[PDB]
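Right, one structure below, let's go through it.
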Amino acid sequence: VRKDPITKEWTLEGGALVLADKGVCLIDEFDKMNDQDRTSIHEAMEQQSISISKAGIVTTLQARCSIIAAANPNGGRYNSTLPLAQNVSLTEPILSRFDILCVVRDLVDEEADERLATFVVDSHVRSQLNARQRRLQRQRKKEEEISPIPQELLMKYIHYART
Amino acid sequence: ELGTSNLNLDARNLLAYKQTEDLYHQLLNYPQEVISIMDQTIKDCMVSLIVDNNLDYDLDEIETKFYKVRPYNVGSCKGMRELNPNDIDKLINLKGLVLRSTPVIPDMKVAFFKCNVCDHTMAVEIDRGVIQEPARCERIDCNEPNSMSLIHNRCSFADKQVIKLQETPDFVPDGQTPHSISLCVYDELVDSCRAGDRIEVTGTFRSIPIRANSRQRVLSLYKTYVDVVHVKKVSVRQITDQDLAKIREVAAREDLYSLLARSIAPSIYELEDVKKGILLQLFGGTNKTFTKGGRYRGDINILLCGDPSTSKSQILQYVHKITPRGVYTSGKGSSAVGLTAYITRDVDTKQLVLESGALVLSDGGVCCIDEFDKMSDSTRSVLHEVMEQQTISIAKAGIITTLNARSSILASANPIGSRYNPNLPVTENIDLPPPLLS
Amino acid sequence: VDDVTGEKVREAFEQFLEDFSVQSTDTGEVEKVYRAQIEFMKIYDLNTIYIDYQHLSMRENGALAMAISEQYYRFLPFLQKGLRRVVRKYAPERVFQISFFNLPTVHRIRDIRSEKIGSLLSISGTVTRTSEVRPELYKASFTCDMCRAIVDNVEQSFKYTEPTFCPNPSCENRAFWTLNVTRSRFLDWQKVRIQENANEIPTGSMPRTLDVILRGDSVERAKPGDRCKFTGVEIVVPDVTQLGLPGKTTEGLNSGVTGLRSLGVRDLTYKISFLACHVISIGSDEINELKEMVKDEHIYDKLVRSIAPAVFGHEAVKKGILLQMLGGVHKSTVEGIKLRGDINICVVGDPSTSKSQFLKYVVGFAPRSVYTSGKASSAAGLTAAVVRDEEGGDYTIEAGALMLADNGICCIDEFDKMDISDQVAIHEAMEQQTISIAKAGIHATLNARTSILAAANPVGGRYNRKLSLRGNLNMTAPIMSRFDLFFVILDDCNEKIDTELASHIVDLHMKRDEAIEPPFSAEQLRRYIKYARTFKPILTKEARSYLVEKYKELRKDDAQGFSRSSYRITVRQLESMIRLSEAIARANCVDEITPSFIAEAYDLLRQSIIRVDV
Amino acid sequence: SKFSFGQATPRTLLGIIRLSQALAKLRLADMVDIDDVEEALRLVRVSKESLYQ
Amino acid sequence: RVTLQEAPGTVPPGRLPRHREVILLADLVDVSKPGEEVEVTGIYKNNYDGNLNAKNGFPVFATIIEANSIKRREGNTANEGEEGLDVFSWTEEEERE
Amino acid sequence: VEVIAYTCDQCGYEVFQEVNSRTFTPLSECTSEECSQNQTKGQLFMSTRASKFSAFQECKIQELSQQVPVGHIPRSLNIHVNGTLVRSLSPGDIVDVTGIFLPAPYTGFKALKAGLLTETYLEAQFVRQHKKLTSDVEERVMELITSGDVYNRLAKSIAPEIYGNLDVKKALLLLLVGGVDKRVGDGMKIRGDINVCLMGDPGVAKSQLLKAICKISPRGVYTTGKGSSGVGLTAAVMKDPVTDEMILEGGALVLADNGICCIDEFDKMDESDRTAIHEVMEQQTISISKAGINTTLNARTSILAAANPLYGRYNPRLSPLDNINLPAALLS
Amino acid sequence: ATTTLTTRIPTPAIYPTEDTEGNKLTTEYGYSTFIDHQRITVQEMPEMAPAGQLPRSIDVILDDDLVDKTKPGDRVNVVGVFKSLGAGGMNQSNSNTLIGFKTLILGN
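So this is what it looks like as structure tokens:
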């Protein structure tokens, strides 16, 4: 609720979520400010389409937003053989709103490492009407080393795969 | 032989002279005409010395620029609760306090006119409250009542400044609030009456009407003021040669080590070791800066801590006595934001003003600062930065500036428990960041 | 009689652009510079001149230079009429101005009253609170639609909303006006306030100020925040009390005399203001010199010996700070991630030692690089923190010496003494070059690409030896691996190294003993790296195969077990490994990358990883 | 640190000169002597140790 | 009428925002929302009588940007001949594909 | 204003008029008898010295707060002066005025608002004020000299309304005389005017013990915790009415110089008070270090403090300074 | 607007001067009569108003006979005439969405 100017009224100004209908936030580990806002995002999914009435009007907007997050364990990924409630600092109910806890791991692998290591170095090698067209085919071929259906058309059918 | 235009007349001589009594009491009774008579005399009495020797500044140029006189200290007054309405054109001798000022607005001493003919540069005088205008053309024999325009930025104007005063509360009977009165100056007594000092003014009296409605000429509780003729305050040096000869014998004396050791303490107990640092801090080297590389200044930073009540302040007060330009710290009158970087709303225009900090303000002195065990840790944050780069970096949304500060410091701490509690490592008593130990 | 006087000063000025103003022939300094002032102008088409006060003083010996201070405030349209007369005779949409500069005497703002009206007086000061860019008029062609509204009227003065002089036919005059937008040229300006300097303020005595209009190409050239000088024409301004909705102090006591004009009885007051014309802010073979200096051989060692005289020895730390000073590459993959722009190197060590010297060195040496201590961790600065509402706006952006390290290498010390909240905040500021904020107001994405450089403190002041740095880092774990290696400075109480450092330090604070010869200057190193930045060196050789094995050998060492140290030098560090390698080749100006160049890249981290390992 | 305060400052010494001439001012018989200041230390001992009961 | 602030992205930082005015047109109403970043393709009309009241009266004119079109938040500003417009018309060749 | 004189500098006939209410209008120039009625008329303007001017001063009254009913708050009233009863009233005068009554018109925005409102004042006629050194007073100075009895009868004289405590009633009378410490001559501004503080929690209403001394001692102003706090203990600049604003309104120490500063409630508003007590114990730095001015005035006043303990009783078996929060202000 | 009943032609005047003679007019104020004027707003007795709204209010102009009788917080009970005054729709032009009929009670 942004306050009024002199001849105005206490109006309602949205922030992040009411803009982002189909988007992204982030909650990893703001440890001090964890108890501040986590009581405002786990009621965005549970009590889906949430709005509030501080010192103003009692309305309720609509927000069918999507959440992703990139949390970070305290130190290493296997901080314990002990389970996930020992590993993360979150508790159960806010954790239980999600669908899956995708977890990563690697200790030591010869063939898997080059499969990253040979892979990553070739990416750094990727650093007038005909010429405007000819740069485009160069821009088309440079994405088409294995030709995995490039982004010139791929995003374009997503928007009507959702509507 | 100096050329100045000002004679500060004591004007307490006509009562000490057998004649000029009727002059003297007319002076306290018509004080606009009688100065205008006396300004004709001094220019003519200057000619009365000019007619003696005809080799005196070519007899023209010191006879064109006018002079003026300044009667002062005339009679006495007592305050402001005596200003009766009959005192219409009299001399008044105020004793009070200047508070705040304003920049100069201009006056109307000469006008200019031009209508839409090819060329007309008349310059009408005013000398009144009434500008008079023509309604017929000029510069031709047959041209009608034309549109006369007012080319304002051509005719010259002098200065004028209004200054607000409030009386010094002198023997006020513990119930009355000191009220206000204003000033008006005309001559070059501007920029010498800075706001914040004791004052004794010598002025005449005048009252003016006010417009009641802002857009009518209708008017009736009047406002008065005073018009100063001469002011007086509450009370690169010109280096001579007898001082240099006197100091050089003092510089020839072996005892200057101890003669300056004894002279800083007219009352203080002995404690010779702190007398070396305090003296040498004021004798603070110079700025031996190279052209490329270095940028080293010879400034130092002594400190004292330990036993309370060892004239900790009066020694520092003694240092403030011997420095003409320095700063004095406050008891929590400053903070992390109350030092510099200001967004204050002044009562004159409600706009921005960046006032400097006390640290940059002592550019040419020694910053005296205290209560360092009790200074908060939101502050005690910029003095490290002035301890390294001699500057203040202002992180304000108004502006960015790495303005320097050519300033020197001493520190005066306080213990915590009772004392310096020896047979203990005393650093654990006085808590302090080990970075600023360096 | 003054008409010919202005006509006298017209041609006398004109012949000055006809005569020479040059004393030296063919030792540089080509004769007749004002014709070159025309000819530079007829290419880039900027519509200025730039005349000095020296050469007009030393032409008439003050017969005219004392006259021109007291004519041009009235005779603006005389000198400019003359230069219009001379350009037709010389050159073939044209609007000009007259820009004097460099009068001798510079005053302060407290010395401007009586003689200063219509004069020319250079004024110093500092500037605060700019405003925006709007257009002005100076000439219109508005007229009434009585019969014909095509009368180009005159007198666009301070109240110019009434063109009412000399109508075209015998029609109704001053009946209307139509200010078209189609035929009258405009000129753009802004209104600014100034303020008095800090080395002149007598006491803290509410330091007074005034305002100034700058109107030519001077627009958006006074950046707010500098010690600045000005042109000098002083001017008064009224308010005419126009047809708008409106028409303590005894102000306008002067203006009570100013009553009874031919229009309505009021009080027209005044205030002294300022009009400027020209701003300033005081506060080859050299292009061939690079081509010789690029063709040297030992300039890698010449550079590392010529960094800073404030330290002796330790060539390891000196090699690092040079590479930080230059930039690497930042261009990366198509459609997605922007990779790292640079390398970030910290140094730990005992305080009150040689650590402070580099910090003192770079902030005057680097382009626009800033320095903070970071103890102010809760208000703003390091932590980017929104300001509260002021003068009609809540949620505005803030300062902080982080988002202004554009082409700057910000420096910041003492990581131990701050809180825990910033330690994830700058951790976000390290990986990708943006930061995000959505604090009490809309979201913000500011892309402040940066290059940090740090100097924190050990846990005890003295560095442990038998242990590792995992205990003496005094930070958390993932920001270590997010960083490169620190090149820890060690110390010793040796009876020889002290005396030589004593002799090394005593010549420094000599008043003059400049016997040390750095082979490069401050500036000729500065332009040299400015030649170095403008390449894009790409590897093309087969040392990619040579690259991948050594890291594959490297990572199998520091992984001492399945449950050993989590200083596991991962796939992040291949990027710094190659982006150091293009940077060191950007020092020796080679575009291809040899397998020989990355060899010393390896042993830079071999010597680092032994300083990692016990 | 049980009961008492102070460690005998000269600021206490100069104050005991201050109140003596004060009591020599009110009871002026021009007798600034040992008995006049004996009235003074008579007050500092009863002001102190008011906590010992 | 949407008043506009400069978005604090590509800006030499440490300073203030600046203000303008946008007058939309008929079929361009409420396309944007209060808070995103946008860009406009307007003309530059400078119509005013010459009455202003925060500052004094002067020979000064004020700007008004009458817009002609509007697009949304753009991203990855590196293109040269595409992804500058949300063209999004999939009719004969695209939809068959 | 009561009379007028316009001069036109042609005829010198000074046109007179009666003075009406607070707004009036000058007349023309073609109205006189000599300088008028021709093709040339002298243009009128004013004159100061030929215009007799009177005195004028405005004041407001309230009610005695004892004859007010149980209900509403009291209200003000407007009063004027004429003649020469001026400069004879004061803020805080428990007085009465006798005078005559009349209402006044408003002459501004009289159609939409200001229908037939009246807003009267009263006009003054008389003031009967009430309750106000070797000059016919020496007979009572001899009564102390003949009877003597300094140390005890004067001790029973000031505050005889308590039980015991003759030691503390003696400790104060010495400080109610003070005196110049030493005429130092040279620049050695020595400390004067020692300050005594009290502590303890009796139930005998300790406030009216000390403050009753203050309301009979000379120039000793009362204060408390609320109101003039340690920032408004000195003077400052504030809001005023439509007359001359930004005056230097004071607190206590800029007006109670060289007297008694009888304070209570020492745990109240201590963020400003702890600065405020040191700055007077430090000699001569009572100032206004604001953005308005940097002028510094004197400091010569004694301090009498009474600190209240912590919860319940001060435990004497516990450590002292458990309830006073200033070690550095006390022990030195 | 105080005679309570008859809407007479008002006299938009404060005080006249110079009746049809050459005599400077004098006014006797002891024989000029006065009266007072006090408005007070009355809330709703907040127990018998049913629970769908906040309390409302109207106002009442009384005269001298029962002034200072009304302490704020009294269960009062007044009775008077219902009355409108003020020009609604003509005293300004175009008069869009402005009530010009104030509710008043001139009571006893």
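Chains as they are written, first to last, in UniProt numbering: chain L, 580 to 706, 737 to 772; chain U, 235 to 453, 455 to 470, 498 to 700; chain W, 103 to 194, 260 to 414, 428 to 463, 510 to 840; chain P, 677 to 729; chain Y, 387 to 483; chain H, 255 to 386, 393 to 592; chain Z, 217 to 324. All C-beta atoms, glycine included, are put in the ideal place defined by N, C-alpha and C.
Nearest-angstrom Cβ-Cβ length linking residue i and residue j, presumed shorter than 8 Å
i, j, result
"residue 660/U", "residue 584/U", "Their Cβ separation, rounded to whole angstroms, is 37 Å, which puts residue 660/U and residue 584/U out of contact at 8 Å."
"residue 762/W", "residue 400/W", "51 Å between Cβ atoms; not a contact."
"residue 622/L", "residue 650/L", "Between residue 650/L and residue 622/L the Cβ distance is about 19 Å, and since that is not below 8 Å, they are no contact."
"residue 372/W", "residue 430/U", "6 Å"
"residue 335/W", "residue 348/W", "About 21 Å separates the two Cβ atoms, so there is no contact after all."
"residue 573/H", "residue 517/H", "Incorrect: roughly 38 Å between the Cβ atoms, too far for contact."
"residue 336/U", "residue 395/U", "7 Å"
Buried versus exposed, by CB contacts within 10 Å (16 or more), residue i
i, result
"residue 446/W", "buried"
"residue 550/W", "buried"
"residue 286/U", "exposed"
"residue 449/U", "exposed"
"residue 289/H", "buried"
"residue 360/W", "buried"
"residue 641/W", "buried"
"residue 635/L", "exposed"
"residue 351/U", "exposed"
Straight-line Cα distance separating residue j from residue i
i, j, result
"residue 187/W", "residue 139/W", "16 Å"
"residue 269/Z", "residue 464/Y", "60 Å"
"residue 274/W", "residue 398/W", "12 Å"
"residue 274/Z", "residue 614/W", "41 Å"
"residue 648/U", "residue 527/U", "31 Å"
Beta-bridge partners of residue i, as assigned by DSSP
i, result
"residue 275/Z", "257/Z"
"residue 305/U", "243/U"
"residue 645/L", "Answer is none; residue 645/L lacks a bridge partner."
"residue 456/W", "381/W"
"residue 622/W", "613/W"
**Prompt:** Any residues in the stretch 218-236 of chain Z with a beta carbon nearer than 8 Å to a beta carbon of chain H? Which ones, in chain order?
**Reply:** 228, 230 and 231
**Request:** Could you run through the stretch 678-689 of chain U and flag, in chain order, every residue whose CB is less than 7 Å away from some CB of chain P?
**Result:** Of all residues in the stretch 678-689 of chain U, 680 have a Cβ within less than 7 Å of some Cβ in chain P.
**Request:** With 9 Å as the limit, tell me which residues of the stretch 394-427 of chain Y have their beta carbon closer than that to any beta carbon of chain U; keep them in chain order.
**Result:** 400, 401 and 402
**Prompt:** Closer than 9 Å, Cβ to any Cβ of chain W: which residues of the stretch 439-451 of chain Y, in chain order?
**Reply:** 439, 441, 442, 443, 444, 445, 446, 447, 448 and 449
**Asked** In chain order, what residues of the stretch 692-705 of chain L put their CB closer than 9 Å to some CB of chain W?
**Response** 692, 693, 695, 696, 697, 699, 700, 701, 702, 703, 704 and 705
**Prompt:** Name the residues in the stretch 653-665 of chain U whose C-beta lies less than 8 Å from a C-beta of chain Y; which are they?
**Reply:** 659 and 662
**Prompt:** Closer than 9 Å, Cβ to any Cβ of chain Z: which residues of the stretch 330-363 of chain H, in chain order?
**Reply:** 355, 356, 357, 359, 360 and 361
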